[PDB]
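Comments concern the structure below.
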Amino acid sequence: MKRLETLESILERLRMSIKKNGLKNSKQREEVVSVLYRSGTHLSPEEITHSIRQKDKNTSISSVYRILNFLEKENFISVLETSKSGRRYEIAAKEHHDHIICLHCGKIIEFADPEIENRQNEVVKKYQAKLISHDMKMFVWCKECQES
Amino acid sequence: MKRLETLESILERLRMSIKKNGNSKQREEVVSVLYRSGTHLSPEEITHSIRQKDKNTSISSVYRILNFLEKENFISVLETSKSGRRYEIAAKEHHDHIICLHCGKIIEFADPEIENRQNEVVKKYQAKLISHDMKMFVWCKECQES
Amino acid sequence: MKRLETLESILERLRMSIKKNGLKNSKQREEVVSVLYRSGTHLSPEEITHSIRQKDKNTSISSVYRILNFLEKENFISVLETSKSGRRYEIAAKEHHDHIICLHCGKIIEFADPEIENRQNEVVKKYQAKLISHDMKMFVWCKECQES
Amino acid sequence: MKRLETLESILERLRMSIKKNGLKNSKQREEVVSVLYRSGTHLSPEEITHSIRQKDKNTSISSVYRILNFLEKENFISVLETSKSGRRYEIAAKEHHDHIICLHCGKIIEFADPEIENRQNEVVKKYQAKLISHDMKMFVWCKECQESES
Ligand SMILES: [Zn+2]
Ligand SMILES: [Zn+2]
Ligand SMILES: [Zn+2]
Ligand SMILES: [Zn+2]
Ligand SMILES: [Zn+2]
Ligand SMILES: [Zn+2]
Ligand SMILES: [Zn+2]
Ligand SMILES: [Zn+2]
Ligand SMILES: [Zn+2]
Ligand SMILES: [Zn+2]
Ligand SMILES: [Zn+2]
Ligand SMILES: [Zn+2]
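Residue numbers (the entry's author numbering), protein chains in the order written: chain B, 1 to 148; chain A, 1 to 22, 25 to 148; chain D, 1 to 148; chain C, 1 to 150.
Spelled out as structure tokens, the structure:
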């Protein structure tokens, strides 16, 4: 895996933010962040709650949302909207990429296409604008869901 | 002021839907407001327009309408942190959006080469492209000028 | 009072956001927004909680923290750091102002001095930078804590 | 690199503060101070760790945070916090200044404007209050980020 920051560094920043805000449940906040860091992959709140529940039965999805919102707000993690509410999360410390999203099964495929990246800048420059960031997702039926 | 469809045709279809699903007038007015508009409108502005003819209309009733219309594909939503939620008539040719991070200005575009390349890219995964959503966030020409 | 947005509009946006975040449907959460909106001061969570407990006597200050943290992330309210630990909150839909904060009593005085606002721009111009926003706090001993 | 005090003087005050607090001298803690003293910018804990690891590779960032927390609470260093730049640190032995921060590239520009400083005094005088301290940050698009690439 390629990450833009170390987990240790992320944890120290998290711990500082936690102390700063006087937040409780340091243990689970750290767990959620570590699960995403190690996965690289895009997980649903349900899959995250499932993941950390294995260690502590006290875990509720409501608590996880408070965690994911905290983590999202502090830019520790990134959120992907897959539906009207369907959402998935990944560690924020990854190289830029866009998303192919299978409507059927939910599979996420990362991509970064040089031609699209370049053309986007070209379009914007036609307006003498400066490209800061972009949000681009393609919704598909994946090859496996088509064979199904 | 182009559309893929006349307002009357859209309203025909609308009057169909409000029966299949179970204030047909106010729905039609909201659609009409958006159809006549050349911009993407917030719930607040839509409400304001409606209030001109129907004073004391609550924004909450407009939201309920917008949610139904969006659900049934009569209108589409553009949502960013900077600009909030804005709506437009669905009966327009496909386009994507540029949004200024500073002033919130929205610029519409549709680049044949980008659309083509998106199709080439998905073929690499032997997936079938159903739809996409593309937003570019920028500093616009006017915001950059001293 | 002067508000840049109606309470009903804010509440509709909140409800939209509740759904999108896939969160609970909360009266107390709308209650907190309402208290801050209607108030002409900057409130502590203790003050907000005292307001909330008029109806729900069992209300914990922890539930209030949880609400505040969500509203601030969604930009419905603004947080002012009065101390390393001290937090105060206000509705986001108010015209720009900066803060005078008494170190001894905690009194908050809003101000917007046209000269200060202009000088800030003049300063950034010296560096050929464009001013986007600013955060200015002045900590003082108010006239009443002085005389007393 | 205008400093209010020699590095050596600061490190001796540090030694005295360490003994007073019942702590143990460490070269690493002195190295954090020295890195910051030597720096012409504002450094993140990560960057400080990078520098320290040039001499001791197996240094942990948790140890640097602990050091930073002590140094800052005892006023050997100052911290600047923004969402955009996160927490960044500098040696405390510098003339008073406020901060400009670029929202795009995170660059920090220091400034000290006598007229602004005087105007703040005038303003609090309007309320018959006594100014004690202030925190002033301006967020900008800096000159370099505004440059067109076309
Ligand atoms: Zn991209
Ligand atoms: Zn699939
Ligand atoms: Zn991703
Ligand atoms: Zn497109
Ligand atoms: Zn603009
Ligand atoms: Zn549009
Ligand atoms: Zn101001
Ligand atoms: Zn006072
Ligand atoms: Zn205020
Ligand atoms: Zn100053
Ligand atoms: Zn910059
Ligand atoms: Zn500084």
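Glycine is no exception: its CB is placed at the ideal position from the N, C-alpha and C atoms.
Selected residue, minimal CA-CA separation from residue i, among the options
i, options, result
"residue 105 of chain A", "A:136, A:76, A:140 and A:74", "A:140"
"residue 177 of chain B", "B:38, B:64 and B:25", "Residue 177 of chain B is absent from the model: chain B starts at 1 and stops at 148."
"residue 56 of chain A", "A:41, A:27 and A:82", "A:27"
"residue 44 of chain A", "A:15, A:91 and A:7", "A:91"
"residue 219 of chain C", "C:74, C:96, C:113 and C:142", "This structure gives no information on residue 219 of chain C, because the portion of chain C shown stretches from 1 to 150."
"residue 16 of chain A", "A:71, A:36 and A:60", "A:71"
"residue 87 of chain C", "C:130, C:68, C:129 and C:25", "C:68"
"residue 124 of chain A", "B:117, B:59 and B:99", "B:99"
"residue 30 of chain A", "A:11, A:22, A:93 and A:21", "A:11"
"residue 178 of chain B", "B:24, B:89 and B:146", "Given a span of 1 to 148 for chain B in the structure shown, any question on residue 178 of chain B remains unanswerable."
"residue 107 of chain C", "C:84, C:54, C:122 and C:93", "C:84"
"residue 130 of chain A", "B:76, B:146, B:48 and B:131", "B:146"
"residue 76 of chain C", "C:134, C:6 and C:148", "C:6"
"residue 93 of chain D", "D:24, D:33, D:148 and D:113", "D:33"
"residue 120 of chain B", "B:109, B:110 and B:135", "B:135"
"residue 18 of chain B", "B:74, B:112 and B:126", "B:74"
"residue 62 of chain B", "D:13, D:40 and D:23", "D:23"
"residue 79 of chain C", "C:150, C:42, C:20 and C:1", "C:42"
"residue 40 of chain A", "A:126, A:109 and A:122", "A:109"
"residue 122 of chain D", "C:103, C:112 and C:25", "C:112"
"residue 126 of chain B", "C:1, C:149, C:21 and C:114", "C:149"
"residue 1 of chain C", "C:21, C:103, C:35 and C:118", "C:35"
Cross-strand partners of residue i (DSSP beta bridge)
i, result
"residue 136 of chain B", "A:136"
"residue 98 of chain C", "C:111"
"residue 78 of chain C", "C:90"
"residue 130 of chain B", "A:141"
"residue 4 of chain D", "DSSP, once it has assigned bridges, lists no residue as partnering residue 4 of chain D."
"residue 24 of chain A", "Regarding the residue in question, residue 24 of chain A is not represented: chain A runs 22 and then 25, omitting everything in between."
C-beta contact flag for residue i and residue j at 9 Å
i, j, result
"residue 128 of chain C", "residue 143 of chain D", "yes"
"residue 9 of chain B", "residue 46 of chain C", "yes"
"residue 116 of chain B", "residue 116 of chain A", "yes"
"residue 193 of chain B", "residue 59 of chain B", "Because chain B here runs from 1 to 148, residue 193 of chain B falls outside it and cannot be looked at."
Listed in chain order, which residues are found with a beta carbon closer than 6 Å to a heavy atom of ligand 12? Ordered along the chain, the selected set is C:42, C:80, C:90, C:97, C:99 and C:110.
Which residues are close to ligand 5, meaning CB closer than 7 Å to any heavy atom, in chain order? With 7 Å as the limit between CB and the heavy atoms of ligand 5, the residues that fall short of it are A:102, A:104, A:105, A:107, A:141, A:142, A:144 and A:145.
For the stretch 43 to 63 of chain A, enumerate the residues whose C-beta is nearer than 7 Å to any C-beta of chain D, in chain order. For the stretch 43 to 63 of chain A, residues whose beta-carbon sits nearer than 7 Å to a beta-carbon of chain D comprise 45, 46, 60, 61 and 62.
Please list, in chain order, the residues of the stretch 102 to 120 of chain D that have any C-beta partner in chain C closer than 8 Å. Of all residues in the stretch 102 to 120 of chain D, only 102, 103, 109, 111, 113, 115, 116, 119 and 120 place a beta-carbon less than 8 Å from a beta-carbon of chain C.
For the stretch 74 to 85 of chain B, enumerate the residues whose C-beta is nearer than 9 Å to any C-beta of chain C, in chain order. Taking 9 Å as the upper bound on Cβ-Cβ separation, chain C lies near residues 74 and 75 of the stretch 74 to 85 of chain B.
Check each residue of the stretch 125 to 139 of chain B: if its Cβ is closer than 7 Å to any Cβ of chain C, include it; give the result in chain order. Result list: 125.
Give, in chain order, every residue of the stretch 20 to 41 of chain C whose Cβ lies closer than 8 Å to some Cβ of chain D. Within the stretch 20 to 41 of chain C, not one residue has a Cβ closer than 8 Å to any Cβ of chain D.
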